[PDB]
Amino acid sequence: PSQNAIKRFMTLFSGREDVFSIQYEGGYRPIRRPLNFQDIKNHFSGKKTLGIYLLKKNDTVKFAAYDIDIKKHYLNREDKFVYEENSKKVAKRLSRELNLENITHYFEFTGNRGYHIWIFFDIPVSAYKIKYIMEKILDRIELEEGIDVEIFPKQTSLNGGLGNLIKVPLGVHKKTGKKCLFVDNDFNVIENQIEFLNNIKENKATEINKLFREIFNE
DNA sequence: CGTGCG
DNA sequence: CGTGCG
Ligand SMILES: [Co+2]
Ligand SMILES: [Co+2]
């Protein structure tokens with residue numbers, strides 16, 4: 001991947017400035033130094049899979065994500081594929097309401113058992129405003145059986161910690177060995193992932209701020 | 001590992 | 001409180 005592609009990835013998925021994490025066999029662990037270009041290349045090649053601490057040190061985030069998963073209890077069933085489709089359904093319902101609010105967002109298959117819905121901002125926004133917005137919008141949709149949705153950021157203040165992390169796309173899931181790629185509104189894998197990454201549109205912080213004031217003051 | 005969520 | 005999840 002070009003230097004430009006790496007610079008664009010590091011700009012969209014920009015979280016804690018001086019700590020990241022990588023997936024090991026027993027889970028994720030913090031790497032206590034800034035993310036560098038070689039780390040991205042190790043992610044893109046499948047050698048080391050990255051996870052990003054969304055919460056920056058001033059309790060702001062530059063991106064956010066819904067995490068839509070099939071419950072692990074349902075993976076053993078012969079109708080497992082019904083719950084894959086149900087997870088697409090939940091994703092489509094979130095996507096429509098997000099678009100009603102003019103929150104531009106993007107789909108990614110996670111490499112395991114669900115989808116991320118990625119939301120990017122032009123400059124970082126206060127974590128509690130976007131967590132509040134995402135929870136309100138999520139409460140508006142109907143969940144399908146066997147499907148769980150989590151929101152990142154999982155917290156809105158660090159209180160001296162790191163917060164929770166999210167696996168970022170264009171790598172491999174270390175538990176399955178499967179790539180995690182962007183998909184289109186039909187959930188088909190996109191052929192040119194880098195060019196899709198360049199065309200990703202960031203929402204405006206001033207817009208997010210207004211939308212929070214409107215919903216909060218109801 | 002850090003810490004949320006049942 | 002135990003311990004999955006990223
Ligand atoms: Co997930
Ligand atoms: Co999840």
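So that the names make sense, note that chain A is the first sequence line, chain B the second, and so on, each numbered from 1. What's counted below: heavy atoms across the whole structure, side chains too, no hydrogens, waters or symmetry copies.
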Across the strands shown, which category fits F152(A) at heavy-atom distances under 4.0 angstrom: base, sugar-phosphate, nothing?
sugar-phosphate
Most 5' of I151(A) and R32(A) on DNA chain B, judged by nearest nucleotide:
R32(A)
Taking atom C1' of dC5(B) as reference, at what distance in whole Å does atom CD of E135(A) sit?
13 Å
Could you please name the option among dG6(C), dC1(B), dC5(B) that lies closest to any side-chain atom of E150(A)?
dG6(C)
Please give, in whole Å, the distance from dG2(B) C1' to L54(A) CG?
14 Å
State which residue, out of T104(A), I166(A), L12(A), fulfils the side chain to side chain contact (heavy atoms under 4.5 Å, CB included) condition with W118(A).
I166(A)
Quickly work out the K174(A) NZ to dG6(C) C1' distance and round it to whole Å.
15 Å
Whole Å only: how far is the CG atom of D69(A) from the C1' atom of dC5(B)?
14 Å
Can we say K131(A) and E135(A) salt-bridge, meaning some charged N sits less than 4.0 Å from an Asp/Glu carboxylate O?
yes
Once you apply a heavy-atom cut-off of 4.0 Å, does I166(A) come out as touching a base, just sugar-phosphate, or nothing?
sugar-phosphate
Taking the minimum atom-to-atom distance to the side chain of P30(A), which one of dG6(C), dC1(B), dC5(B) wins?
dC1(B)
Looking at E101(A) and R140(A), does any basic side-chain N land under 4.0 Å from a carboxylate oxygen?
yes
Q155(A) vs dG4(B): side-chain N/O to OP1/OP2 distance below 4.0 Å:
yes
Among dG6(C), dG4(B), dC1(B), the one nearest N164(A) by side-chain distance
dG4(B)
Please work out if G51(A) contacts a base, only the sugar-phosphate, or nothing of the nucleic acid, heavy-atom cut-off 4.0 Å.
nothing
Take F182(A) and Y106(A) through the test ring pair (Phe, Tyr, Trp, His ring centres under 6.0 Å) and record every step on the way to the result.
CA-CA 7 Å; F182(A) 294 110; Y106(A) 298 93; 7.4 Å; no
Counting just side-chain N and O atoms, does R113(A) come under 4.0 Å of either OP1 or OP2 of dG4(C)?
no
By nearest atom, which of the nucleotides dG4(B), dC1(B), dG6(C) is closest to the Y28(A) side chain?
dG6(C)
May I have the distance from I31(A) (atom CD1) to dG6(C) (atom P), rounded to whole angstrom?
19 Å
Roughly, in whole Å, what's the span from CG in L75(A) to P in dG4(C)?
15 Å
Round to the nearest Å and state the distance from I52(A) atom CD1 to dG2(B) atom P.
16 Å
Within this structure, what is the NZ-to-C1' distance between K154(A) and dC5(C), rounded to whole angstrom?
7 Å
Looking at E17(A) and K57(A), does any basic side-chain N land under 4.0 Å from a carboxylate oxygen?
yes
